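To start, the structure under review is shown below, and the notes come after it.
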Amino acid sequence: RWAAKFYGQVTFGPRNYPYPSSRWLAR
Amino acid sequence: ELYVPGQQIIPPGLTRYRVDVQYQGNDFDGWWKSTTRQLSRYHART
Amino acid sequence: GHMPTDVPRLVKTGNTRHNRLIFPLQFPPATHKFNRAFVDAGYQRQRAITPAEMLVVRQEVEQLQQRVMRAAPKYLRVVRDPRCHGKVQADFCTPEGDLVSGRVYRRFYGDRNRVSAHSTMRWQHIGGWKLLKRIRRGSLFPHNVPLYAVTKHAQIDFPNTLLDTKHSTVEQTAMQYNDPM
Amino acid sequence: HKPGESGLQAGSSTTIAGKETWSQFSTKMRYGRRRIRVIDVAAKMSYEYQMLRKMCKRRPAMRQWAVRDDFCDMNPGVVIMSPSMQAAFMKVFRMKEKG
Amino acid sequence: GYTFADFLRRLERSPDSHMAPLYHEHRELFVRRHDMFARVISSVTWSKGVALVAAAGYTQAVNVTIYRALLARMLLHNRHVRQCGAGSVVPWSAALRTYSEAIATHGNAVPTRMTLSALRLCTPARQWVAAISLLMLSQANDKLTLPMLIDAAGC
Amino acid sequence: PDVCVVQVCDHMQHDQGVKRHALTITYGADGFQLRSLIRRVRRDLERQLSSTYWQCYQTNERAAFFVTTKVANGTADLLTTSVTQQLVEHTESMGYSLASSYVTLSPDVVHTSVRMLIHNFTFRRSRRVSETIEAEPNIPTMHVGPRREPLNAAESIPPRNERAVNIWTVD
Amino acid sequence: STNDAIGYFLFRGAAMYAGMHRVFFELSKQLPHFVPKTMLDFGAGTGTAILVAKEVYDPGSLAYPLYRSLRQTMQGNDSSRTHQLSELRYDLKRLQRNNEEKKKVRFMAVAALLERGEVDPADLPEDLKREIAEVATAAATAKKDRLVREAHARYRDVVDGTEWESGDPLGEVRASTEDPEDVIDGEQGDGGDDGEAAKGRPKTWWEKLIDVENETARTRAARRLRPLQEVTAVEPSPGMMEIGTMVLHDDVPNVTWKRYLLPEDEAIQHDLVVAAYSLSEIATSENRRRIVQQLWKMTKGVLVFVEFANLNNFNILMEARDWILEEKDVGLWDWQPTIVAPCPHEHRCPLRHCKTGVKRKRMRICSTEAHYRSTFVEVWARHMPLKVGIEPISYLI
Amino acid sequence: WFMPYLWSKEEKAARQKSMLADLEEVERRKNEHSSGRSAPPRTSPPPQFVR
Amino acid sequence: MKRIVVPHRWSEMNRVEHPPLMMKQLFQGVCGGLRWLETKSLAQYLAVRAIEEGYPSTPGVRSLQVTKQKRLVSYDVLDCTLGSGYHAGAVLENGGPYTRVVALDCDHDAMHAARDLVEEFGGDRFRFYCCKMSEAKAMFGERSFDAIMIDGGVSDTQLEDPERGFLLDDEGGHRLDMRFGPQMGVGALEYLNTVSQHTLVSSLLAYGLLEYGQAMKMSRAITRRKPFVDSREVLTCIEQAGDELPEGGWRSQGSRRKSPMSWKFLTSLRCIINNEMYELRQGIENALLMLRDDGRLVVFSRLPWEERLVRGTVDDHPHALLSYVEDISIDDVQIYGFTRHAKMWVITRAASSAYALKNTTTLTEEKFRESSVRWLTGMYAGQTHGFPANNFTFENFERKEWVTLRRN
Amino acid sequence: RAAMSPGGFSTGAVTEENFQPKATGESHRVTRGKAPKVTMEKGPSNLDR
């Protein structure tokens, strides 16, 4: 669970990087 | 010696001379070229 | 009978090796009253050190460091750690753009004859045998001391940094000998 | 934790009034321990005094070579932290619990 | 290709009227470095220095150290014209003009060393009304010192 | 000279009710003290607007300069009519009188909203022939945000031991 | 973040402290006259590189004293040699002087100055006693710096219950007074010309002894050699900045904390620009070639790159070595880049282009290594108690 | 081929739209604004002279 | 005889000062306390001693050799931010004699307010330096002042100045350098043109206002539309994403959560630059080091995140006790125009047993069972035998280091 | 290149707002693509009108 803590830390550009949009991600 | 704000500044130790030359042009390659071909006839300037 | 020079004498001891023979040009000491009548043959001085002696030798240290700083950009740069089994062998970043590997011996071996006026305890401090034994990589090494069996490493055009080591052996061979496939 | 008892020992009293919790005891031990013990100046001589002590005992014909070896040694040695650095290192360590 | 010594040689061999283009030609040395401007004033003639500051007054914002180095170069030229014996002394009018340009650019920000250098430059010309005016100007700005009185009595 | 021509070339930029001026004042001959011209503009315009919106400095012996950084329409012509009034009143003090003048407005550039207002004057030879120093540099400095150095760091004071008594009386 | 900045400073603290002391030891040796009066620190997350630059160039104005017995406190700078001379003179009077006549002047003048205050009459009958007064003023100023080192805080004199002196409360006439000590070559005047004619006078060892044994001119040589007045630190992340401010504000006063490096900011010229462990941390979106070219144009003096010894970091440092050496033949010769340390040849590095480094990863990094006494954090996270830790660094001066 | 194989149609449409939008923004910002500085100059430049 | 004067600028001619927030409520807070009554009892003890030795009176009912003369009863106060000097002037005027004020500020423009106070009384009662409030412990040490007053935010001098920023309704392009002193770096025009979208959101969320749904909308408008010539193009972009700015400007009497997103962005961007989260957290925790035993600390709070920081520090610091919190009087909001949410937090220091007072109200059963686990598992342990830990001890000197101070 | 080329050597007054920085980000030894140039605007003929 320690790796998911840095997901709110990355910049918005290379955040969703295998997909172009962030709307159709898992929420 | 006065200075006007658009004059040619000649550096010290050097003096400018005027040379009047002529060549045929058919025998020469011409004057100086900027970029030469990459990858007999000489330039007149050299 | 050695005449003072600043040109190293290159003795080719084989293919890709040679021998750098140059000598570090000893200077006379200062003639102040604290250097005079120094007991050299005793080596066990018990004379009281006045603070005037320590301030005189402080100015002599600044004079000697100012002399050694003028030759400092002409020195070598120890880049790999020296190995010490009797001899001291390291790698050097020369001020010519070359990577050499030289050896430093403890005892004296001149360029013409072995006869000298130094002991083994003297020349181990003169020729940098005590120096190169105690220093690691990233420090200076003098060019004025003689270097034995200096071999220049081969050079390529492209940098070997950020190169993959998972290439095959016959293309790593072609890459290191400057003729890539 | 009653304030009369020490922290490493354990109090035998069962009362609640006039006592702090161990989360609060860990706060005041991280808070109150900011000071450095006084460095003895006269106990350890300076490094310039120690090298000039050794240069007086050397032969004056050999003094030029000891300066060259001392200049060419670019390593300061084992770099211990200065007390200005040790105060800043513990200032970050005392702002949060060890866990 | 060129160093600062060759640039100083080009400045010291060129005439005074050529102080304006070369300053505008190599202005990368003067636009941000007051140390380079002080070194380039201290290494040339005083007339080339006042020509350089007259060229730089329309482009940059010169500091008090610039006029301080200019008055120092003028005092050194006075010393050289005392010691050697040829050439003319620095005129008092150029010293008063430099001090007036410094006091109009920087008001009450110049040191009293500027006034001391101005009095030492007005001393060999024996211009005493200039010394009286400088004393009145320095007394009006609440800075009146004793070496200024010494140099004004020398004037 | 017997006549005096003053050519002013504005550079205007308009973005929906604001203006942005850049006036390069240029005289016709040498001898006109433009340091006294600019200090008339600087005293007049400091009471009206702050120096964060405009600058004014000398670029030549016969040329000056003045800008304005994107203020409203009522504020911008307030500055230009104050500059062009201190322009003539400085030249009236030289011994001249305004004979004729005209103004020219240029259209926009083909991709930007930039105009050029050419304003020209013509004078003629009319006149037959212990104050307070207010010191300011030629090229002004920008006061953006707080001051880096304190207020007393600009002025210089002598030491107290070197101070002398005043030999002129001060009332 | 600030939780990552705690673990970055507690784990890499002594490692980056030793890596910066290794580079400043060579910089003080190779360039002895350099005093960085203004300092820029690019990527100053934690202020370790600013703290060592305070320790190297100003060991006397710190809050806590340095351990004087270490080799790391023997620098070659003019400000460091001035502070080492005072600590050496303390060891000379304590150890190399067996006569207690130094004590006899001290306890008499303590007893003399105490009894003339309220019991004995005035000092007017005793003539030529200015040797007592000018020492007691100098001994009083020695007491002022004594209480700063005991309290580890400057401006402690206003904390005490002594009365504040009337006149100049704000510090206006002390910061704006004309110094009579700075005299440029033209402001000197009207002296005996034999002093300016006879050159080469102080070449004797006796006249050098009186040059160092007096301390009135040493303070005059230190007020001109102001080591660190304005320091500029650059850090974008707020987690590193609020912890880098906690490190620096106790020992390095008046440090300006910029948040971003602008292309506008290269008009400010600093004496020393330190990019310590910051070239590798630049993201791939930002052009690293523009940043290291901007950092060179902000240097009056020395530009220092310090990085960890790694394969990716050495390629960054060698590219930055090639990008700045590309700026050689652009203009004035006196402002061209020179490599002071480590590589002295200014060609391509032979270890970067060696034959052996193709298939051997060990023969690729032209680096050095610094040794340090590791803390409890590093011996907890590495599971082995290392009383001497090893930090390998690649540097470029 | 794995990165277009993973993406859907609307994701590739959003990628192409953001690429063209950032491209035209970069082109209009390098055609309108020059010399970097991360700020427009806010003032017309002073008049240059022939030197 | 020519007197030289520097010409005044428009920010210097039309300079306005800051109004007094509260004068009688501050003087009971920053002066009154246990440090004040034993001071006032020491003045009465010295008055009856003066008539005992034989000094001339009135009929009425009752370190070293250079600095042997030390001062009497005087009550030393530190002002971290003096601003216009009204809060610094109320201590020295209403306190009469035996009081002192040391004033600090970030801006050098507060030297004008420091100059006007010395002309009334100075040299021995006022002292000024130019530094941050977080650098106070580094230049005064522990247990230095009998009282410390802390203000926060922007003065009215810096608000109306067009060169200092903070102008919203001027209708002209000025540079948005909105910072309190030169000790900080870039201003808001240079910040918003260089900050990324992720770094701007993480800096806005630290101050409580403009939460994650609102902070990402304001950061989208900045990072997509940033050719920023002046403040006017910024204020059009800010008011286009959120609502328009209120008519009160920076001082809005409305609710905190009901304020528009434009005011929440500008009030937090002011806090991002000068770093008021770090300056107030370190300004409070250093003040409890610099205070004497049973001293007084006064901190003014005008923002809801500041109310969390003052409340959050006094509950965890093992010397701080909140004496009382006073809100602003309703008459000072009309004539002076202050924020209605302005509170005054008067914090006192404890000599010992500060947690015994706080365990009276805040002690739950789950905190009692957590305290049993931390003693059993030993989570209150620190470090003693490590390398930097062996050189650290408490404030009282040991027997090993008293011998060190004899020779040093 | 002729439309953007300044005639002769020209310098102006310097202030802290106008900088013209050397912040290029590429090599100084290459000059291909570094000249100031206008975009070619050809007006329409009367047939196009």
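Chains: A, B, C, D, E, F, G, H, I and J, in written order; residue numbering restarts at 1 for each.
Criterion: contacts are C-beta pairs under 8 Å (C-beta built on N, C-alpha and C of every residue); 3 or more make two chains touch, one makes a residue touch a chain.
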Considering only chains that satisfy the touch condition with chain A, which of them also satisfy it with chain G? H, I
From chain H, count the fewest steps through touching chains until chain I is reached. 1
Please indicate the chain closest to the centre of the assembly, with centres calculated from CA atoms only. G
Looking at F-J and E-G, which one has the bigger number of contacting C-beta pairs? E-G
Whole-Å separation of chain centres (CA-atom averages), chain F against chain I: 43
Could you please state the distance in Å, as a whole number, between where the Cα atoms of chain C are centred and where those of chain J are centred? 56
The distance between the C-alpha centres of chain A and chain E, rounded to whole Å, is 65
For chain H, what residues touch not just one other chain but two or more? 36-39, 42-43, 46-47, 49-51
Which positions in chain G are in touch with at least two other chains? 22, 63, 88, 92, 152, 170, 172, 178, 246, 250, 262-264, 267, 368, 373, 375
For chain I, residues that touch 2 or more chains besides their own: 1-6, 111, 173, 175, 182, 190, 194, 199, 229-230, 383, 387-389, 405
Tell me, which parts of chain G touch chain I in their complex? 63, 113-114, 117, 140, 143, 150-156, 158-167, 169-172, 232, 234, 236-238, 241-242, 245-246, 249-250, 253-260, 262, 264, 373-377, 379
Chain B residues touching chain H - in the complex, by the definition given at the top: 5-6
Quick one: which bits of chain F touch chain H in the complex? Just the residue numbers, please. 11, 13, 20, 22, 24, 55, 59-60, 63, 65, 67, 69-70
List of chain H residues in touch with chain F within their complex: 42-44, 46-47, 49
Chain G to chain H touching residues, read off their complex: 262-264
